[PDB]
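Colleague: One structure is given below, represented as structure tokens, and several questions about it will come after.
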Amino acid sequence: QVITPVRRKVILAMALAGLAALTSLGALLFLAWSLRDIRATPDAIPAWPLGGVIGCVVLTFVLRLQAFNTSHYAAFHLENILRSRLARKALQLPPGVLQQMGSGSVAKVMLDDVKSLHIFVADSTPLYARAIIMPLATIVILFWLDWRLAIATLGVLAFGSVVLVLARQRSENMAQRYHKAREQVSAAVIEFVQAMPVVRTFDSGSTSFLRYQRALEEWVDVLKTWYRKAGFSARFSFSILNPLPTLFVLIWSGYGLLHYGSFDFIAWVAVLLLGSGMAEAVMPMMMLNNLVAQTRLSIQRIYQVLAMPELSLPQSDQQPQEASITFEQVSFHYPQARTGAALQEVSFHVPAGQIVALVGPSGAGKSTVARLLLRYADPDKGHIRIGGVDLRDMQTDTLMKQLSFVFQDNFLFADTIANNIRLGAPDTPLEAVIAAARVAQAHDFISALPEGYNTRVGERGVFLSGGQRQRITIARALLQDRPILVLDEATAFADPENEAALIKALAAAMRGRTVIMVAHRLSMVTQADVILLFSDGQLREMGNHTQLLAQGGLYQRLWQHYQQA
Amino acid sequence: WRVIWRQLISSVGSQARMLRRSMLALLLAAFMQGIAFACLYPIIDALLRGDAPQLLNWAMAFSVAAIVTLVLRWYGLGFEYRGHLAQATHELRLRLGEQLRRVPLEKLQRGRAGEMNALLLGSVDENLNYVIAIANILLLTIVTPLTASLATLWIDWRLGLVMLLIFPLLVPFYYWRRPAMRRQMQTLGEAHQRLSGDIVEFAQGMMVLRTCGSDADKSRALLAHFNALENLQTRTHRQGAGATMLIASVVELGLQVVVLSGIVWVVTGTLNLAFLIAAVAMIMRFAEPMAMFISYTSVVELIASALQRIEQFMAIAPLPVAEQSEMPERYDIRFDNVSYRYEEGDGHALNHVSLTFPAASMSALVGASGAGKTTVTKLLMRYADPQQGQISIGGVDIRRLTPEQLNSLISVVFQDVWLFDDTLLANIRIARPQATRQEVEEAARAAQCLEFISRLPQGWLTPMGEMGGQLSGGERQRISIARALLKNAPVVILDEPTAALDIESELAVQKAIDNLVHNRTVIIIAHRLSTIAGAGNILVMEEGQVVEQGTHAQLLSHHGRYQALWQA
């Protein structure tokens, strides 16, 4: 049915396992043929039918082995194609739809969904071939072998399904209600196990534990009544797939046919084998339906992940360009949280070479400018003329070249010398690298770390990272030139050494750069060229620190607030 | 085999007797099914030549064996499809909740992986459905051909040996191939785990990797790593499939070899024809539960790991208390020679410190790192016992107080967090849950939060959104101030959020703190000049070693470390 995947190899594996099931039926039929040859005449060992038995067994095993190999190769290739397409889509993903939306969801999908697709293909194509070819070929062979006892084995298979489907008159009405009770208890256990490190500093934990206990004792009364709904149906289906009802029908039709015209005995045993095969072929149908439902769920998840971002409108065409930083009539909202306007027509020129430290309301109309500079998103109304032409013609390599972001957290990898190398130039100019760490005054604590400069910090190395990740990434910004420097928030690390050493490191960082030091304190606001005020997305004043202090507007109010503490 | 069975019967609860009655019912069901196949021997022996009396005799005995087997299998799955599994996992989750209550808080507070582990048990405890699903299948697979095979040992003896040989070459050889089986799964798995590490590195720093420049080096490195994983998976899978397909077709090759041995012993020896047809029926009957059992041999790995993780977690012992006959009227927190070595990540996080916080107003401190500055506040609630030292509160050790009296004695004010966006009366009630409404209205205006209460709709019973949507850093911090103001704890640890809250709400937060500090000890760490200079007894710590005691004036005029850090 589905054409765009690896359909040639997986349809070959499905038809190959189907032919393997048909030759296993051939082996059983040749076994009944051989026992006919030995019961109609007890003689020497029969050559041709027993040779057909051992040949059909070894052909069935070889064919099923090749179907296994080809289906697992199809699953491995589809897992590789899916991981490659997810990596190439997530590489070209708009980053404001990435870190803010689904930071851990992309690794969750790119592990769990592709493992689900591998497991589904490789473990579900022989199940497909068995459960659609074995019980539709055994019925033909049984109708050929005996006109009765195929109706009887179909009767003992269908009596279970008739009583099972008739049992839905006492209906369930518990898919959506049970599922919302399951979601409710899986929320109220997560709320508890998050509330447990916090509430213990209060009273001993009684109200949160009572909320968790009374959210357990409702889900128990959902689960138990779900079991007492599904009890007869599942126990009766698990008792009807036992081979003993089929054996009971075969035996007590073997005694019921000795009276009213005897079917021959070897035709009876040829019914006895294939009827039990047809009886056991109901359970892998239920297993492949179980796998198909959750695989359809995971494929809907992979298609919403594959359809949610579209390339962030990329153009690498225009130029690198000087007269570095401006804005032009941008009024952009913050996506997926506020349907308003997180900026309101922000318009300013900045000559290249100066320091524009901007301040505003709590990062709600202040840090989104630094988010919008990197093209984490695009404005719904506006153009960002970084240089001459805006970011619609951005030349996406030069955004990596010209702009050197430094943010408030700056996640690192586990190769600490390459944590300052692998931003802009992957190589080993190690004299220049330690010189750039020397001038940025982060050389000392990395000189003190045990595994040299190449310290495996990982995620457990809290002493190896420390509060100097800003000093590492600022030294990395001093490694390459990258004229526009961007500070989302410096000095948010309030350590006393990070009070002292960050200021000289930034004084070693603002040399020849047109920085934007979005700082939360008014520390380096006094030593900056243009001080922007923001208030709920609207820019309020332009001009220098002492000019805004001399005019005595709302910057006087904010500076008087800051002079209190 | 005790080390999984005593865990599986301890990690059920008060349904141990109904689980053992259901295990007994399913074992007798599988054995009686083997006896039904033994009754299928002389039915074929009779039906070969007619014999309506012998066929009626053994067909009514087969009716008895089939009805007893199906009724006992119905009563065996009655354990799951009555409420016994519901009450079993319910009592297990309400044992694990109280184990979350009395675990020492550093064991879950220690690691992000540790909190993600303790988060998992209440939702990964759903595998007991699988542990009652595995019992029937493994019991069929081992018991039923054992009963049929020991029945053949005195019905013709030559099929008995081979049919008794097929299945212990299947499932005990499966659990003896579990070394090589977990070798196969682990040769896939460790490569999958290093790829998962590269994937989570890519997924976390995808923004830095995009805006950095190495989206051609590290990205194509990840893609070549994907191709290397695919080639490793195929190169393992070729030998894995060539070895594993015989394990799946054990019953098929066993069926055809019993066919050949029965045929040569029919034409060479006795009259074993009808018994050969019935043994051919028997082995194809044993085909299906092994075909399910190899489909469940991952779930037994998962269940054994989950039972080991539960009975490794529920062996966690609380903190020792001893001889609580104390009422600490004085609050003089004097750490003396405390040298607490934290973990393998941080070493000696304190080294023989001497701390005294006797003031009824404030006693601040500043430290070097996470070791020396905040792990002393971690020790202050006895999250971990010190490896050497003593924690006095006035005159009484802190290992003598019960955690009710201790956790009502002192109170922390957090960084920002934990309102659960419910009625704010309930949050400043879980301040101290025996509070009336008037106590909330008295202790919420003293945190300067009542204006935000009247500013929001619905009054006091209002939801704050989905995570505190109308609440802000500076407004939701005043909830955490109102909690310690309503609790009236005579010792307050105060993690001041001023570095995040300064320009927008430092006025309101400082007014709430100045309301809070009156007539109780307050221990604060911050970096603001009003908090750096004008605090009180101010401490300086370098890797858990105390220097520069006293006020800020004598340490400043001493010209040591405090003047050096203050001069910048």
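Colleague: Per residue, what volume in Å³ does the Cα convex hull of the range B:2-314 take up? All intermediate terms of the calculation are to be shown ahead of the outcome.
Modeller: Details: hull volume 51.9 nm³, N = 313.
Once divided by residue count, the hull of the range B:2-314 is 166 Å³.
Colleague: Could you tell me how many cubic angstrom of Cα convex hull volume the range A:319-565 has per residue? List each step's numbers first, then the result.
Modeller: Details: hull volume 33.2 nm³, N = 247.
Per residue, the Cα convex hull of the range A:319-565 comes to 134 Å³.
Colleague: If you build the convex hull over the alpha carbons only and average its shadow over all orientations, what do you get for the range A:1-318? Give it in nm² to one decimal. Let's see the in-between values first.
Modeller: Working: hull surface 105.5 nm².
With every direction weighted equally, the projected area is 26.4 nm².
Colleague: Test of understanding: express the Cα radius of gyration of the range A:283-370 as a ratio to 2.2 N^0.38 Å, with N the residue count. Spell out each step's value before the answer.
Modeller: Details: Rg = 23.1 Å, N = 88, 2.2 N^0.38 = 12.1 Å.
Expressed relative to 2.2 N^0.38 Å, the Cα Rg reads 1.92.
Colleague: Tilt of helix A:265-280 relative to the longest C-alpha principal axis of chain A, in degrees (0 to 90, nearest 10)?
Modeller: Taking Cα atoms only, the helix is inclined about 20 degrees.
Colleague: Next up: Going down the table (A:180/A:229; A:401/B:218; A:108/A:366; A:180/A:224; A:108/B:107; A:89/B:218), which pairs top 20 Å between alpha carbons? Show your work: numbers first, answer last.
Modeller: Values: A:180/A:229 17 Å; A:401/B:218 17 Å; A:108/A:366 32 Å; A:180/A:224 15 Å; A:108/B:107 26 Å; A:89/B:218 15 Å.
Over 20 Å apart, Cα to Cα: A:108/A:366; A:108/B:107.
Colleague: I'd like the distance separating the alpha-carbon centroids of the range B:512-540 and the range A:495-540, in whole Å.
Modeller: Answer, in whole Å: 27.
Colleague: May I pose another question? Find the all-direction average of the projected area of the Cα convex hull for the protein assembly as shown, expressing the result in square nanometres with one decimal place.
Modeller: 51.6
Colleague: OK, next. Please pull out the direction-averaged projected area of the range B:333-567, using the convex hull of its alpha-carbon atoms, in nm² to one decimal place. Before the final figure, lay out each step's value.
Modeller: Working: hull surface 54.0 nm².
Seen from a random direction, the Cα hull of the range B:333-567 projects 13.5 nm² on average.
Colleague: Would you calculate a helix-derived [θ] at 222 nm for the protein assembly as shown, using -39,500 (n - 2.57) for each DSSP H run of n ≥ 4 and dividing by the full residue count, to the nearest 500? Can you show the working numbers first?
Modeller: Working: 45 runs with 677 residues, N = 1133.
Taken over the protein assembly as shown, the calculation gives -19500 deg cm²/dmol.
Colleague: Counting only other chains, and only Cβ atoms inside 10 Å, what mean value do you get across the residues of B:106-118?
Modeller: Taking all residues of B:106-118 together, the mean is 2.
Colleague: Between the range B:289-333 and the range A:250-266, what is the separation of their alpha carbon centroids in Å?
Modeller: Cα centroid to Cα centroid, the span is 61 Å.
Colleague: Radius of gyration and Dmax for chain A's Cα atoms, expressed in Å?
Modeller: Using the Cα atoms of chain A, the pair Rg, Dmax is 36.2, 120 Å.
Colleague: I've got another one for you. Any idea what the alpha-carbon Rg over 2.2 N^0.38 Å comes to for the range A:444-565? Don't skip to the end; give the middle numbers.
Modeller: Values: Rg = 17.5 Å, N = 122, 2.2 N^0.38 = 13.7 Å.
Normalised Cα radius of gyration, the range A:444-565: 1.28.
Colleague: Just to compare against my own numbers: the Cα pair-distance distribution for chain B, 10 Å bins, whole % per bin, please.
Modeller: Result returned by the calculation: 3, 12, 16, 17, 15, 12, 10, 7, 5, 3, 1, 0.
Colleague: Let me ask something additional. Taking amide hydrogens as modeled 1.01 Å from N in the peptide plane, which residues meet the under 5 Å criterion relative to residue A:343, leaving out close sequence neighbours?
Modeller: A:332, A:333
Colleague: Specify the inter-centroid distance of the range B:345-395 and the range B:427-448, based on alpha-carbon positions, in whole Å.
Modeller: 30
None of the figures in this text is laboratory data; all of them are computed from the coordinates on show. Ideal geometry is used to build each Cβ from the backbone, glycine not excepted, and the neighbour counts take in all protein chains shown.
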